[PDB]
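Only one chain is given next, in structure tokens, and it is the form deposited in one PDB entry.
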């Protein structure tokens, strides 16, 4: 169409029109563009199925979204081409030199024998090689080999320093920023990962994966693995602590020191927080860390328990984690709890019930974070609930022990038990209890939906354009709040309603006072120049309610103020005697600054995040 010697502009028009009127029954001559130089071109979105670009040159060509299915592309060149989203299905690309961007390029069922991808890359979506023949081909780290035909091994081991044999193909390491670490990170550098490449190859290549792995580890210096390198370490654990590498002594011994150090750091850092999710290889390595270091079962108890809960349920390693847990049950602090009627199987055998579909079995024993002899016995179901609670979470569904003796869980304060003894539950608990706290107060104060919405919406921003200092605005405020005020003090029945709430009544006095202080700060913020007040004045009603809250906080626990002088100072500023106008911007900052200094955790939970 199609002769070797023409201008590229004609080849271009020819091809764009060929594409514009494809018949499907084209002739051998009309389809012939062999040996043609098509470099520098833009053959984008062109229907070129069945075309014969044999031995041609498509360097620097934009082929994106084009259809080259069934094309005869053998012996071609695509140096610095852009192949993104090209269709190469059933295409023939034997011996081709592909140095291209190949994002989502479709080589399904293509012939790629002896081809080379050296220098190619993608950003997020790999090329598709399903049922493509890659025998003798040179591939690169990051390529996904699902369903690819690699060929059987001809040479077991490469002698070229920069290549690793996988089946009958070759992984080239000459374009990896001269840093082997760049190809070992499945999490943040997936598009460059040789671990991805190896593990996406089919099962029949399992013996080649192992060999490839032994060759790979020779290229990794112990120096390079000295740094923390967390994503690399996790990737190695994930990729090599699974079948078929698990039965290879060499690989497993190389992993151990790496994983031991990494998982030690992880277990200690994570202790008393919810545990990260782990792929199988890492989870198994986490388990093996505890096998080697039984002391850590106690030192990092909440990390340990979550790991075991995870592993005891992970298909392929359950038994191994059950045996690990049963070693922990022998610990001196744990044993007494296992000797309870309600433990595990409930038969006094000291054995968990590993076969409870409901996950209601009391299998799990958590030790206190302080030296007070406390332990908790709970079920997997309730533990998961408590770690990620909602409004319906049952917080009392565990048995408590002190020095191995069952306790009445009614003389206790959940707030204190969690914060002092089982911190793993403390943030989740206090977080759940603080949810919609000021919203709940507003629901009680303001029956008028439109006004309530102004208050609730303002929670989400640090500033408001809506103001409430005008006469009619303050009159509206007075009608709403007057039933809740006795002058500058809160009405006694309103107080009882606040102090009696589910959210407050079981908090220690001190925390009750801090929460009330914060609520006092909230209504001072509402009254300030940033919100419903102005640079020069603030709605008196809101100052009164803030004042009542502050006085209530002081009655509840005066020590939250540090001294009576600060308390008095707040009241004076709020009440503003002798003042025609009173601005609350400064006082707002005095209150939040004090909360930040004196009770930052409560402040962070109860004061709206948008406002701090």
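If you superpose the two forms and keep the largest set of C-alpha atoms that fall within 1.5 Å, you have the rigid core. Residue numbers count along the first chain shown, from 1.
Quick note: we don't show the form deposited in another entry, though the next part is all about it.
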item: Core-superposed comparison between the shown form and the other one: the option from 582, 47, 50, 34 whose CA moves 2 angstroms or more; value: 582
item: Did residue 486 shift 2 Å or more between the shown form and the other one, C-alpha, core superposed; value: yes
item: Core fit, then residue 532 C-alpha moves 2 Å or more between the shown form and the other one; value: yes
item: Flag for residue 206, CA shift 2 Å or larger between the shown form and the other one after aligning core; value: no
